[PDB]
Amino acid sequence: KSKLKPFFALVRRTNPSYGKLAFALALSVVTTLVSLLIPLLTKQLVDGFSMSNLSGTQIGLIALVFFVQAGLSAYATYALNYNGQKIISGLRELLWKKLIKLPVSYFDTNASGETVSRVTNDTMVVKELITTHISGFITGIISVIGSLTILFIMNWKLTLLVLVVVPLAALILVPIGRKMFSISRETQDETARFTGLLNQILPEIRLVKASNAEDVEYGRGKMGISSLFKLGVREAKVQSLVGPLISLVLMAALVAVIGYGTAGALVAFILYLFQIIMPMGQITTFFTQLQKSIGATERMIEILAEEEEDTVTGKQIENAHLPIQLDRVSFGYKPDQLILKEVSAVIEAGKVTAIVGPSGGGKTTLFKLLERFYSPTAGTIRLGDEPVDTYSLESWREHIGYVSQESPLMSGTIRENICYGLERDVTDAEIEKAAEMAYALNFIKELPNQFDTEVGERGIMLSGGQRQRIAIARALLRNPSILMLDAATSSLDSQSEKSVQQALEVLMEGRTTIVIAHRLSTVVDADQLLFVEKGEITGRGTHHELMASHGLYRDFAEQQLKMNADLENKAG
Amino acid sequence: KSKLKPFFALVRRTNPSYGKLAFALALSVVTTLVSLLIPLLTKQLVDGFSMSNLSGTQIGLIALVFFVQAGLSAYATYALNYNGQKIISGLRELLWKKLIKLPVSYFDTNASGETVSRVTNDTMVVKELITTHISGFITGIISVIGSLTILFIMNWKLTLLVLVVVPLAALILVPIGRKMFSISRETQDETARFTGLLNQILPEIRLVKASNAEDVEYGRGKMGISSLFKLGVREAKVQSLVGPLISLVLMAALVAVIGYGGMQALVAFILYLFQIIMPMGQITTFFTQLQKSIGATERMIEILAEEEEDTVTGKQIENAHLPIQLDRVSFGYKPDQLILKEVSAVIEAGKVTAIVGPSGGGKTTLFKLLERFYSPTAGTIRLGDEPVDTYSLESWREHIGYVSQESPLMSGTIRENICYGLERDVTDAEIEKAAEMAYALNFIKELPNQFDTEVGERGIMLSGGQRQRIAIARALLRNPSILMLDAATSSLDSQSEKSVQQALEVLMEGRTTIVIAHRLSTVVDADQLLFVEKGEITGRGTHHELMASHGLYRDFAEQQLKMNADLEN
Ligand SMILES: Nc1ncnc2c1ncn2[C@@H]1O[C@H](COP(=O)(O)OP(=O)(O)OP(=O)(O)O)[C@@H](O)[C@H]1O
Ligand SMILES: Nc1ncnc2c1ncn2[C@@H]1O[C@H](COP(=O)(O)OP(=O)(O)OP(=O)(O)O)[C@@H](O)[C@H]1O
Ligand SMILES: [Mg+2]
Ligand SMILES: [Mg+2]
């Protein structure tokens, strides 16, 4: 609740910080000791060196070493910074591993392109910190405890002033440190908004060439930056406010010396007291910059509490192959506004089931449900009269292939877009058979050499027709028990998909297959068919069995029949 | 060529840096003066102050006021940092405006998700810099010139040592500054690779749940970070190397005082000489961190030389409406491997032309050409017997609508996905007619209130079916002379698109329309049709005119006829 205890708990999860820093902090302490001891000895030494040269050859060597050991402080600056580079790299490690094992039901709410900078830019603020953080704080805290003990009159008999220098200053940093905390949470919640704007803009540059967007999306960037980030000077204004305020209470201690305070002691008293400031200007800098870190990490804390959606809790059950039964499952994408209404159907093995619905139904959502992404409230999904959750959470995903309604590809270099299914044993003499079972090898070999070809970002390299045929090979290399085709009519011609339908029939005969498609002439011979509508389903059986029996549509097909009856009489 | 002259030229383009910094640098100079003058006066003052409380009270209250002007240094630290915040914001301004006016023929080569961080993270390295950069450099350079003049014996009669302290140190920083420059260009060319990895991964999280990717794409991140960025400690190792090496030449000057002065003031000479180090430790820090900036900006320079693809060179010609003629245009996406082979066809006005080709042809690469993105080598594109380049470069884009083969949407809040065509005069009582002409208003009004609805990143809140119908409204709000539909069969059903075809026929009758589509039953009544194949075209005329006459395919249609003959029997 104190916003401080989790932060040291946060760096605690990066384990190996304790080892080398403990050595690294130690020699920086004695670095403060030798810098304490240096200016008093040389002024007596030179008087000592009036003798000069003799003491000098030997002491020249001595000083070189000594002065070489004055350069040993650089090794402390190195070794702190090395463990400084360790602690940031542990954050980026632990942030990234949590980031992909968390449920997909998070990412739909908040902006994948926003949270990505919270890996980078909400760590790099601790790199610049941890030099000024540690090294400045330790070098002062020994000097201030080194001051008042040698200011021995003022901590045993004149204590009533050295109990004013810290606590009255401590009241001053409290609104500053709180305001410093309310700023660093804002900028770091706006760097993420700023980078999130651009990654939702820059890959879509072909649309932003709409010739009126370029005068506008530039204007959104400037309104992104200058109204916020030059308005990030609000940090720097308060940052410079600390200057007078440390002194404005410190000189208040200085005027206090006449209210309570022989004369031979007063002159030495001023001499030691003015050695406090360059120490005191460091410790307050640390307490400022510390609260800068917290607001830059307070957002990063909450994304370490979301609940680890991939479990490997496989109880006794992964392997056998049984039919799939949906049992009154009703899904809500938002729990007060649901779109699926206790649908109940059975997916028998070895036979291609299909799903056909109009635009706006629950077609694709039932597929994302059948990857067990949500497993909603009312209803259970079972297989073999066994509930699908208790098998495992996502080792059951391994048995299934899946292609989306769109065709997604990462920064591919084509052969790696197909590869990571079996992920270790790709068997290069088999990918071409997965290409031949997808009509891919025909229009790949004329390109420069399948490996050597590189797709774009979202896969621009290849085009749109080649995109869909590439992604369908991903499911046909994983060799699944259960296929899941979402759009086999998406971006491909009738010449292609006839080879596709004639290919997977050799594959899938004891391996059941759920495929939805537009344009019902691709699922006419399916062994089952469904007609889903707005979260409800009103159909069963074969298409010929459904056309004569059911009287709901009776022209969904005839909407597509009359679009094809024109082609006969126009040709003959 | 010197890698330095463009950098000061780079900040020169951010104009207003000259104004306030000149005031800001000035009072920091006299801040160095008062810090020079302070420790000598007080030690003589306290002996005169011991003339009691009286000596202190009334002069000392001004000394508090004097100590308030010691806090005036903070205002210099502020005003430097304020102009420090100005110069970074000018970079992000000038980088962003150049970034979107440059040709699309750049972005296909290098990785939009890579170059985006070069807006942010290759500017923020100058923010931390410019405090340590300027303020540290100015506060030393006056002190070192303030030292040797008060070390007056050693710059007129013992000069032969103060001509060693700088130039022999200057040899030492040369490999360091060069190595420091070869490091900062690497990390900043790897922050961009690291962020570019994630934005090509994180929005595709539904695919990365392939259950074997999570154990792998996590491993690519760690191999991204730890093999490179904990290996970014190579900076910090050389960064700490400067410590001995400034002194290891400085004490070499110290041993030199007996080689020329030992046979011949010496006690006061040591006292002023040891005041040089905390100055000298600042100036070398500046020359280190300066070369850190250059490698973090050398990549940023070259993206200010690419050539401004939107010109507003409209010569005399924007407005009239004439047919479109392609004349032997041959496009290469790579100039030694071209895919379009001097295609020649004519697009007559008022009549829907279509294009149908198999997978792998040049069907869209002719649409992206028809937005004048490339305008390739062999051949000219003309309209009205007038070449299309000399009209304007992209004010001609305003007359045209266009939807892609995919359906793209930005972070929308639906009404803003349709809005920025006319971009100032959206006329809220008309968007619904642009929705009614796209079969959008039917399945929008049941959602929570068209404005209030928000799509996802790539429209993931909306459907796939709803995505395509939304994007097609964008062209039907701009009210074009020329439509360009790329996939009216993409993600939409036969119930939808029959309304779509029956809608735009009321719109397009004197407004010509180029539409490609799968599944030839949507272009059967087109007034012209083309059959493009691998960059070549082998068809003309009407479909019924092409089916009997041409003998190339003769079963491209029959490939789709026999798939529909099963539905009757
Ligand atoms: N936030 C959301 N997440 C997931 N699905 C949503 C969300 N909001 C709405 N939906 C619904 O998801 C449904 C299913 O989309 P689907 O996968 O069926 O697209 P499709 O298969 O192309 O079919 P359609 O043609 O009906 O869009 C849509 O009806 C849409 O209303
Ligand atoms: N970024 C790119 N720019 C231009 N051409 C590309 C690019 N990436 C790949 N290509 C090549 O351009 C060819 C043309 O594809 P096109 O633009 O016609 O897409 P398409 O209309 O979907 O093609 P099809 O419908 O024939 O599959 C592809 O075969 C591909 O080899
Ligand atoms: Mg889908
Ligand atoms: Mg296309």
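In the nomenclature of the PDB entry, chain B is known as Lipid A export ATP-binding/permease protein MsbA of Bacillus subtilis.

Under the PDB entry, the name given to chain A is Lipid A export ATP-binding/permease protein MsbA, and the organism recorded is Bacillus subtilis.

Chemist: Describe the site of ligand 1, and please don't skip the residues or the numbers.
Modeler: With respect to spatial proximity, 15 residues lie near ligand 1, and among them A:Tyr333, A:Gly360, A:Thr364, A:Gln405 and B:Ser463 are the closest. Ligand 1 sits at the junction of chains A and B, each of which supplies nearby residues. Between ligand 1 and A:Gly360 there is a distance of 2.3 Å, counted from an oxygen atom to a backbone nitrogen or oxygen. One of the side-chain N or O atoms of A:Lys363 is found 2.8 Å from an oxygen atom in ligand 1. Protein contact buries 85% of the 620 Å² of open area that ligand 1 shows by itself. No other element matches the 3 residues that helix α18 (residues 363–370) of chain A contributes to the shell around ligand 1. Tallied by class, the residues present in the shell around ligand 1 amount to 5 nonpolar, 9 polar and 1 charged.

Chemist: Give me the lowdown on the site of ligand 2, citing residues and values where you can.
Modeler: Around ligand 2 sit 17 residues in total, of which A:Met461, A:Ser463, B:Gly360, B:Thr364 and B:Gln405 are the nearest. One chain alone does not account for the residues near ligand 2; they come from chains A and B. Measuring from a nitrogen atom of ligand 2, one finds a backbone N or O atom of A:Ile460 at 3.3 Å. The backbone of B:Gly361 places a nitrogen or oxygen atom 2.8 Å from an oxygen atom of ligand 2. In terms of residue class, the shell around ligand 2 is made up of 6 nonpolar, 10 polar and 1 charged.

Chemist: Any chance you could break down the coordination of the magnesium ion (ligand 3) for me, citing the residues and the numbers?
Modeler: Residue and element names in this part refer to chain A. Donor atoms from the polypeptide that coordinate the magnesium ion (ligand 3) comprise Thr-364 (OG1), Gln-405 (OE1) and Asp-486 (OD), at 2.0 to 2.2 Å from the metal. Between the donor residues of the magnesium ion (ligand 3), the gaps in sequence give the motif T-x40-Q-x80-D. Residue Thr-364 is located in helix α18, and its partner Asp-486 is located in the loop between β6 (483–485) and α21 (494–507); the two are separated by 122 residues in the primary sequence. Residue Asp-486 is classed as buried on the basis of its relative accessible area of 3%.

Chemist: Provide a residue-level description of the sheet that holds strand β3 (residues 352–356) of chain B, including the pertinent values.
Modeler: Residues and elements named next belong to chain B. With respect to topology, 5 strands assemble into an open sheet ordered β6-β7-β3-β8-β9, the strand pairing being mixed. Strands at the two margins of the open sheet, each flanked by one partner only, are β6 (483–485) and β9 (536–537). Where β3 and strand β7 (residues 513–516) come together, 4 bridges link them in parallel fashion. Across the sheet, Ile-355 pairs through a bridge with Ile-516, a residue of β7.

Chemist: Mind laying out the coordination of the magnesium ion (ligand 4), listing which residues take part and the relevant values?
Modeler: All names here are of chain B. Within the first shell, the magnesium ion (ligand 4) binds the protein through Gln-405 (OE1) and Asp-486 (OD), at distances of 2.0 to 2.2 Å. Here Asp-486 lies in the loop between β6 and α22 (494–507) and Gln-405 lies in the loop between β5 (386–387) and α20 (431–436), a separation of 81 residues in the sequence. Judged by relative accessible area, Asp-486 falls into the buried class, the value being 2%.

Chemist: Account for the domain arrangement of chain A, with residues named and values stated.
Modeler: Residue and element names in this part refer to chain A. Here chain A is described as being made up of domain 1 (1–311) and domain 2 (312–572). Look at where the C-alpha atoms of domain 1 and domain 2 centre, and you get two points 54 Å apart. Surface buried jointly by domain 1 and domain 2 totals about 850 Å² across both partners, of which 53% is contributed by carbon and sulfur atoms. Together, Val-104, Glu-309 and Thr-311 form the three largest contributors to the area buried by domain 1 at its contact with domain 2, with a combined 53%. Where domain 1 meets domain 2, there are 0 salt bridges. Counting across the interface, domain 1 meets domain 2 through 0 residue pairs in polar contact. Each residue belonging to the side of domain 1 that touches domain 2 can be placed in one class, and the counts come to 2 nonpolar, 2 polar and 5 charged.

Chemist: Describe the side chain of A:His518, naming the residues involved and giving the relevant values.
Modeler: Note on placement: A:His518 falls in the loop between β7 (513–516) and β8 (528–533). Residue A:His518 is classed as buried on the basis of its relative accessible area, which comes to 13%. Within the structure, the side chain of A:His518 is placed 2.5 Å from the side chain of A:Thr489, a separation counted as a polar contact. Within the local environment of A:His518, its side chain forms a polar contact with the backbone oxygen of B:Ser490, the two atoms lying 3.4 Å apart. Leave out the neighbours within four places in its chain, and A:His518 touches A:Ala487, A:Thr489, B:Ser490, B:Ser491 and B:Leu492.

Chemist: Lay out the pairing of strand β3 (residues 352–356) of chain A in plain terms, naming residues and giving numbers.
Modeler: Residue and element names in this part refer to chain A. Extensive coverage of β3 is indicated by the burial of 4 of its 5 residues. In terms of strand pairing, β3 meets β7 through 4 bridges, oriented parallel. Looking at the pairing, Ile-355 lines up with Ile-516 of β7. In this structure, β3 lies alongside β8, joined through 4 bridges in parallel fashion. Bridge assignment links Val-356 to a residue of β8, and that residue is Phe-531.

Chemist: I'd like a rundown of the packing of aromatic side chains, residues and numbers included.
Modeler: What characterises a pair of aromatic rings is the spacing of the ring centres plus the angle enclosed by the ring planes. One pass over the structure, following the stated rule, counts 28 aromatic pairs over all chains. Ring centres of B:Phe7 and B:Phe8 lie 6.4 Å apart, and the angle between their planes is 90 degrees; on these two criteria the pair is classed as edge-to-face. Given a relative accessible area of 55%, B:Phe8 falls into the exposed group. A ring pair is formed by B:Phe194 and B:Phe229, whose centres lie 6.1 Å apart and whose planes are at 50 degrees; its orientation type is tilted. Here B:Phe229 lies in the loop between α13 (214–225) and α14 (233–255) and B:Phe194 lies in helix α11 (residues 191–199), a separation of 35 residues in the sequence. Neither B:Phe194 nor B:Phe229 differs from the other in exposure class; each is buried. Three or more aromatic residues link up through ring pairs in this structure, and these residues are A:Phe66, A:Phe67 and B:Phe274. The ring of A:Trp156 has A:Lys157 sitting right over it, with the charged end atom 4.8 Å from the ring centre.

Chemist: Go over the packing of α14(B) against helix α17 (residues 277–295) of chain B with me, naming the residues and quoting the values.
Modeler: Residue and element names in this part refer to chain B. At a minimum axis separation of 11 Å, α14 and α17 run at an interaxial angle of 145 degrees. The two elements α14 and α17 cross, and the hand of that crossing is right-handed. For the pair α14 and α17, contact is made by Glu-235, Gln-239, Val-242, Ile-246 and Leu-250 and by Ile-277, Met-280, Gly-281, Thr-284, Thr-288, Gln-289 and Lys-292, respectively.

Chemist: Tell me about the sheet that holds strand β2 (residues 343–347) of chain B, residues and numbers included.
Modeler: Residues and elements named next belong to chain B. Taken together, 4 strands build an open sheet; the order of strands is β2-β1-β4-β5 and the sheet is antiparallel. Edge positions in the open sheet fall to β2 and β5, since each of these has one partner strand only. Bridge count for strand β1 (residues 324–330) against strand β4 (residues 378–383) is 5 bridges, and the pairing is antiparallel. Along β4, the bridge assignment pairs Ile-324 with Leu-383.

Definitions and limits used
Residues numbered from 1 in each chain as written, not as in the entry; some residues may be left out. Chains lettered and ligands numbered in written order. Heavy atoms only, no water. Near = heavy atom within 4 Å. Polar contact = N/O pair within 3.5 Å; in protein donor to acceptor, adjacent residues only side chain to side chain. Areas by Shrake-Rupley, 256 points an atom, 1.4 Å probe, with all protein chains shown as cover. Helix = DSSP H or I, 4+ residues; strand = E, 2+ residues; numbered from the N terminus. Nonpolar A, V, L, I, M, F, W, Y, C, P; charged D, E, K, R; others polar. Donors = N, O, S within 2.8 Å, 3.2 Å for Na, K, Ca; no water. Buried < 20%, exposed > 50% of the residue type's maximum accessible area, 1.4 Å probe, protein only. Pairing = 2+ DSSP bridges. Domains from an automatic or database assignment. Buried area = accessible area lost by both parts, 1.4 Å probe. Salt bridge = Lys/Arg side-chain N within 4 Å of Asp/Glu carboxyl O. Contact = heavy atoms within 4.5 Å. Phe/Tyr/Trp six-rings, centres within 6.5 Å; stacked < 30°, edge-to-face > 60°. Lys NZ or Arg CZ within 6 Å of the ring centre and 35° of its normal. Axes fitted to C-alpha atoms, helices over the stretch in contact; angles between N-to-C directions. Left-handed = near helix turned anticlockwise from the far one by under 90°.

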